[PDB]
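>>> so I pulled this structure from the PDB, and the sequence comes with it:
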Amino acid sequence: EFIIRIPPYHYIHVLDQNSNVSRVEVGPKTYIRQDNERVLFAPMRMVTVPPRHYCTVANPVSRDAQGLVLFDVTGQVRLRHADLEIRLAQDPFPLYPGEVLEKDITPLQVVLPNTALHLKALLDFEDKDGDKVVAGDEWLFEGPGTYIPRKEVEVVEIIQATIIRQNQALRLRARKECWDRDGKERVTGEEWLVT
Amino acid sequence: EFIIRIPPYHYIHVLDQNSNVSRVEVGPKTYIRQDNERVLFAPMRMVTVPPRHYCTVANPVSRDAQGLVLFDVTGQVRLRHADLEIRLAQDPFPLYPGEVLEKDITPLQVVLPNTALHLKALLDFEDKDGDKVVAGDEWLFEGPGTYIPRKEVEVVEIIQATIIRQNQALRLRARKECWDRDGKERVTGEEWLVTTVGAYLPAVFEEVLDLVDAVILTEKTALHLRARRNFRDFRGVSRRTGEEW
Amino acid sequence: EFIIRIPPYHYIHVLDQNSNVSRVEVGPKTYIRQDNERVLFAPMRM
């Protein structure tokens, strides 16, 4: 019980009963616990996400300007409560105490050509383009590429374009006061044609 | 029993029996009680509200100009009795003694576009705009955004705008002496028409009844109309009650 | 067991099992041991 050597690429959590502080230990090293300190469970593999994949862990690690994990005064790990983070392909990071693996290893979604993704901005943020994306905004992301996920952006549905052949037109009504692709204002419920 | 080490991000309440004063202790620390002091219950997690969420706790904490918790002379915590407070996303605050978690962690309501929220001012207050919002006032908050709640403002119902298409009009009567969007006084029960194409949002005091559609006049047809009261029609000629044309 | 308040003019010895080091504590004070640390016997007068 006292002697616990964790296999390579693994970790364990041992609680400091004299301080009520939990910690994680990594690396292919042999570990010996103290009398007060108690391990919580046996080693399980520290998780890695492959390329073109991602995973979400609740309560992300609070980090400094260099990505070094900030530690509390009492020896606890600085977390970000009630938040979700998107982790892309990298080295097999360990799972710190107080964190829940909400979603498993999931592949990056690939968008077929002539297809678009409908996304809604859950919370107000600032996209990399340079626009203040207020919450509730609707997003039309299209193309044959792949979409990297985000915590504050929620995918609504996958939508497919419509083929317009010769001597044909498409009828589409406005769900809200907006502008068409030709640059004309359209009231709610107004219908028009595209040729 | 004497030794109580609360886990990180937790608290407990221990009563000072020599003073009948309860207190809360936070932080990942080991705690030892005294003989007189008695803990009330075992540790339970100190609550945090995530982003785009909120929660309400009865009897909010009375705080100073810097947000520091004011304490009573006898060591009690200064509260605000019979009041409710709205807490938005922040660090996991602890629940002080004498406070009840009335409502759990609830998400911020998102208003769809072409939609409005009907709100009534429960108690007299002053909104951030700069107006004295007397109690009983009615609020029409619309837009595709999200509404942050308030203690003294109560949501009445969620209302949806009405689409007015081509060659159509909407009939809406006044629930109270008011003004229309065109700037005309309307008595209680008075009815009128609006001829603006698109989505039309009803007001708080304007009961929307039904849509009215125009009548197409071909060269082989004509419209027979009897006046209901004295008025002036579209051509600009006065009428009398009962007169037909 | 964890809580040990020695009477005035007394002492106890508690062993630091993480260091195999024993020590004596004096004075009319209340003492709380750690999980690793173990007291050897009950207080007797100094």
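Everything's here; your move. Residues are numbered from 1 along each chain as shown, chains lettered A, B, ... in the order given.
>>> pull the contacting residues for the nearest residue to residue A:37 once chain neighbours are set aside.
Using Cβ to Cβ, 6 or more residues apart in numbering or on different chains and skipping residues adjacent in sequence, the residue nearest residue A:37 is residue A:14, 5.0 Å away. From N, CA and C alone the C-beta is placed, and that goes for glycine too. By Cβ atoms under 8 Å, 6 or more residues apart in numbering or on different chains, residue A:14 lies in contact with A:22, A:23, A:25, A:31, A:33, A:37, A:38, A:39, A:40.
>>> middle-most residue in chain A, spatially?
residue A:86 (2.7 Å; Cα atoms, centre = their mean).
>>> now that one: how far from chain C?
Between residue A:86 and chain C the computed distance is 40 Å (Cβ to the nearest Cβ, to the nearest Å).
>>> does residue A:51 touch residue A:107 like I think?
No. Between residue A:51 and residue A:107 no contact is recorded; they are 10.0 Å apart, counting by Cβ atoms under 8 Å.
>>> so between the two, which is more surrounded?
Legend: neighbour count by other Cβ atoms under 10 Å in any protein chain shown for residue A:51 and residue A:107, higher for residue A:107 (12 against 9).
>>> what residue of chain A is the furthest out?
Centroid-distance maximum for chain A: residue A:167 at 45.3 Å, with Cα atoms, centre = their mean.
>>> OK, contacts around it?
So residue A:167 contacts nothing (Cβ under 8 Å, 6+ apart).
>>> give me the neighbour count for the closest residue to residue A:107 other than its chain neighbours.
Distance criterion Cβ to Cβ, 6+ apart; nearest residue to residue A:107, sequence neighbours excluded, is residue A:53 at 5.3 Å. Residue A:53 has 15 neighbouring residues, counting by other Cβ under 10 Å.
>>> so residue A:53 touches residue A:86, yeah?
No. Between residue A:53 and residue A:86 there is no contact under Cβ under 8 Å: 11.0 Å.
>>> and residue A:22, what element?
In this structure, residue A:22 sits in strand A:21-26 according to DSSP states H and E.
>>> now do the same for the nearest residue to residue A:104 once chain neighbours are set aside: helix, strand or coil?
Nearest residue to residue A:104 in three dimensions, chain neighbours excluded: residue A:55, at 6.7 Å (Cβ to Cβ, 6+ apart). Under DSSP: H, G, I helix; E, B strand; the rest coil, the three-state class of residue A:55 is strand.
>>> quick one: contacts for residue A:55?
Applying Cβ under 8 Å, 6+ apart, the residues near residue A:55 are A:47, A:49, A:87, A:101, A:103, A:104, A:105, A:106.
>>> bridged to it, which residues?
residue A:87 (DSSP bridges).
>>> okay, it and residue A:27: tell me how far apart.
As judged by Cβ to Cβ, to the nearest Å, residue A:55 and residue A:27 stand 22 Å apart.
>>> nearest spatial neighbour of residue A:158, skipping sequence neighbours?
Per Cβ to Cβ, 6+ apart, closest to residue A:158 is residue A:117, 6.1 Å.
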